[PDB]
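First to last, the sequence lines map onto chains F and Y.
Counting from 272, one number per residue, gives the positions in the first sequence under full-length UniProt numbering.
Counting from 1219, one number per residue, gives the positions in the second sequence under full-length UniProt numbering.
All C-beta atoms in this analysis are idealised placements derived from N, C-alpha and C, irrespective of residue type, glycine included.
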Amino acid sequence: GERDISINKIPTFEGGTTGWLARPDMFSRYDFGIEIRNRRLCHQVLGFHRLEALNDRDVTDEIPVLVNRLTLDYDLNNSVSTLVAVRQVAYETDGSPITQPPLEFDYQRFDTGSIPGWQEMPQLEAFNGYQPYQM
Amino acid sequence: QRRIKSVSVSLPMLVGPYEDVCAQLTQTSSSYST
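Okay, here's the thing in structure tokens:
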């Protein structure tokens, strides 16, 4: 998310100084006996060609062209994030984007607005309550 | 020799935490005695 995620901006090989974001749902691992903070998730991936060097023609300031831009979109929640979609993009020399069809996803969202009411347990109805239970 | 000391008895049924367990018992006779 450093370079402008806008479809109407082709990114650049240099990223400026906006700085890479940290995910909403940050945490750590521990399992190797150490702190293991987990923070960065990617949203754009970029193919760069050093055109005039590829031409063997020129090398001064051959800042590579962004050939194509994979673009990646996530659902974000306080405890998780994961892809809503991806899409392939390329760019006209006037900088107009051209697009492939996107590709969507929807993993099972935990929700508790869902949650329904109670029911009794005729199958069990007395077999607990301190000592009356074992399992 | 052989003779009775005492005895107890029970039922498994989970009547409820304190519900009405209720019954009566007696020997009609220990026909042999003494």
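- The three-state reading of DSSP puts residue 323 (chain F) in helix, counting H, G and I together.
- For residue 284 (chain F), the secondary structure class from DSSP, reduced to helix, strand or coil, is coil.
- Cβ contact annotation for residue 356 (chain F) (same chain, cutoff 8 Å, sequence separation greater than five): 343, 344, 373, 374, 375 and 376, in chain order.
- In the displayed model, residue 307 (chain F) falls within a strand according to three-state DSSP.
- In this structure, F:340 is the residue among F:393, F:386 and F:340 with its C-alpha nearest to the C-alpha of residue 368 (chain F).
- Excluding its 5 nearest sequence neighbours in each direction, residue 336 (chain F) has C-beta neighbours in its own chain below 6 Å: 320 and 322, listed in chain order.
- Only residues of its own chain outside the window of five on either side were considered, and among them 293, 294 and 297 have a CB closer than 8 Å to the CB of residue 310 (chain F), listed in chain order.
- Distances from the alpha-carbon of residue 364 (chain F) to those of F:281, F:388 and F:304 put F:281 closest.
- Residue environment: residue 274 (chain F) is assigned as buried (16 or more neighbouring CB atoms within 10 Å of its CB, all protein chains considered).
- The beta carbon of residue 330 (chain F) sits closer than 6 Å to the beta carbons of 324 from its chain, once the five residues preceding and following it are set aside; these are given in chain order.
- DSSP places residue 345 (chain F) in the strand class (E or B) of the three-state scheme.
- Within chain F, 400 have C-beta atoms less than 7 Å from the C-beta of residue 1235 (chain Y), given in sequence order.
- For the C-beta of residue 393 (chain F), not a single chain Y residue is nearer than 8 Å; the gap to the nearest is close to 13 Å.
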